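Working notes for the structure below.
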Amino acid sequence: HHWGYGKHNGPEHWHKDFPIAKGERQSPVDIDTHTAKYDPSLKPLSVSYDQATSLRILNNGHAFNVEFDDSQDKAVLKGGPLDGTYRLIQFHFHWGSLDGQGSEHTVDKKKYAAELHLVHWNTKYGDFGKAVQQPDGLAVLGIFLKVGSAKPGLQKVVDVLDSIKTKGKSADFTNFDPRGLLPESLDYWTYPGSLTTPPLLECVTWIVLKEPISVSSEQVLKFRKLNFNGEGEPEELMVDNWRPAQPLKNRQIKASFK
Ligand SMILES: CNc1c(F)c(S(N)(=O)=O)c(F)c(F)c1S(=O)(=O)CCc1ccccc1
Ligand SMILES: [Zn+2]
């Protein structure tokens, strides 16, 4: 009876195994755009993905993960609100059963169809597993997806999904360039928060871009053909793998713009 994205094992149950679920800096949150504070001290985000080296794509049972070789100083996130250098380790998405839901963060209560998480760890902690044990261990760049025109830089991911349909499947995934997933603007909101799945560790500086990317209905439809189950088990479509917004408690969301 492990955690997941259903009635008896979904987000409202996670606190029994992971009591930090009711902690002081949980994610996601609703972003109140009127209450977010413009912070003229915030720097432009520096996203340096030119040398990123993707390796593989994996269905981990609740998302698909595009993994990068993070053993050199390649794909890094810096600036913005961050004090160090954070290295890209992987990206994944959260999405809905319907276009009207799927994002984890919300913007004035608006839910997007999906949300992309580009996950980076602080190089001062040496590796990802040590970083998640620190309050400044991770920087996650969150990007909303809306349904409209296709995202061409997404299609290589979409097309490999039929090869990783079920939990535990992987496929080689080299030469994927994550710059194809970024909107034109790097304007953002930022706040201190957590992993949005168990173990829910309070280790994340969230950086959420204001500008969504467009993907086509056919692209998100292929996300929804994935399965939470393993091969040879009853089929459970991988949909609604998002945590709802959590209490903001004693936090301020800062805006890089306006
Ligand atoms: C990639 N690591 C990761 C993560 F990025 C996030 S999120 N949604 O970005 O805060 C999580 F919520 C999260 F829980 C993890 S995990 O590696 O500890 C547990 C395994 C896992 C892997 C992929 C997606 C979610 C959780
Ligand atoms: Zn995520």
Side-chain angles (χ1 to χ4, degrees), residues 27-34 36-54 64 66 68 74-82 85-96 99-120 138-159 173 175-191 204-223 242 253-258:
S27 294
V29 300
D30 181 55
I31 302 165
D32 183 333
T33 69
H34 286 298
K37 176 71 180 166
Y38 167 65
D39 183 353
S41 79
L42 279 174
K43 312 194 199 286
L45 199 49
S46 171
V47 182
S48 297
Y49 291 162
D50 45 303
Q51 306 291 343
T53 307
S54 70
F64 62 87
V66 172
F68 287 79
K74 292 186 183 172
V76 312
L77 184 70
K78 67 215 287 285
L82 302 169
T85 303
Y86 294 66
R87 201 172 290 171
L88 179 68
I89 183 166
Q90 64 105 273
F91 69 79
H92 62 276
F93 300 81
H94 305 260
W95 64 90
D99 299 336
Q101 62 197 46
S103 66
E104 300 212 295
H105 295 88
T106 55
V107 178
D108 298 333
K109 304 298 181 87
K110 178 184 170 76
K111 295 174 168 75
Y112 287 85
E115 186 173 329
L116 165 59
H117 289 162
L118 291 134
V119 180
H120 315 75
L138 297 188
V140 183
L141 179 58
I143 304 177
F144 296 120
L145 280 60
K146 66 179 188 172
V147 172
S149 72
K151 188 75 154 171
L154 181 62
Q155 191 63 28
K156 282 202 316 199
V157 169
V158 169
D159 275 339
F173 203 72
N175 303 292
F176 179 74
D177 190 335
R179 293 179 289 183
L181 298 177
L182 305 175
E184 167 189 329
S185 179
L186 296 179
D187 288 347
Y188 65 87
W189 299 281
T190 184
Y191 74 96
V204 182
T205 300
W206 277 96
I207 299 167
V208 178
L209 296 190
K210 176 181 190 191
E211 183 176 355
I213 61 166
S214 292
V215 301
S216 67
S217 46
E218 293 86 354
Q219 288 179 319
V220 71
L221 281 159
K222 285 191 187 184
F223 283 19
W242 52 275
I253 305 180
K254 305 195 183 335
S256 75
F257 61 90
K258 294 195 291 175

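The basis for the numbers below is simple: all heavy atoms, side chains too, and nothing from hydrogens, waters or symmetry mates. The first residue in the sequence is number 1, and the count goes up from there.
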Considering only heavy atoms from C-beta outward, does the side chain of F257 approach that of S185 to under 4.5 Å? no
Side-chain donor/acceptor of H120 to backbone N/O of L118, under 3.5 Å: yes
Look at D177 together with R179 and state whether they make a salt bridge at an N to O cut-off of under 4.0 Å. yes
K254 atom NZ, neighbour heavy-atom count above 12 within 6.0 Å: yes
Atom NZ of residue position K151 - does it have more than 12 heavy atoms of other residues, nucleotides or ligands inside 6.0 Å? yes
Using 0.5 Å steps for rounding, measure from the CZ atom of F93 to the CG atom of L181. 5.5 Å
Counting only heavy atoms from other residues, nucleotides and ligands, does the tally under 6.0 Å from CD of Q51 exceed 12? no
Distance from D108 atom CG to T33 atom OG1, nearest 0.5 Å? 3.5 Å
Ring centers of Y112, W242 separated by less than 6.0 Å: no
Below 4.5 Å, heavy atoms only, C-beta onward: do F223 and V215 meet side chain to side chain? no
State yes or no: are the ring centers of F91 and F176 separated by less than 6.0 Å? yes
How many angstroms lie between atom CG of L116 and atom CG of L145, to the nearest 0.5 angstrom? 6.5 Å
Short question: side chain of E104, backbone of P28 - any donor-acceptor pair under 3.5 Å? no
Is it the case that the side chain of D30 and the backbone of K109 share a donor-acceptor pair, with hydrogens and angles ignored and the cut-off at 3.5 Å? yes
Counting only heavy atoms not in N175, do more than 12 fall under 6.0 Å of its CG? no
For the residue pair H105 and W206, is the inter-centroid distance of their aromatic rings smaller than 6.0 Å? yes
State, with a plain yes or no, whether a side-chain heavy atom of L45 is found less than 4.5 Å away from one of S256. no
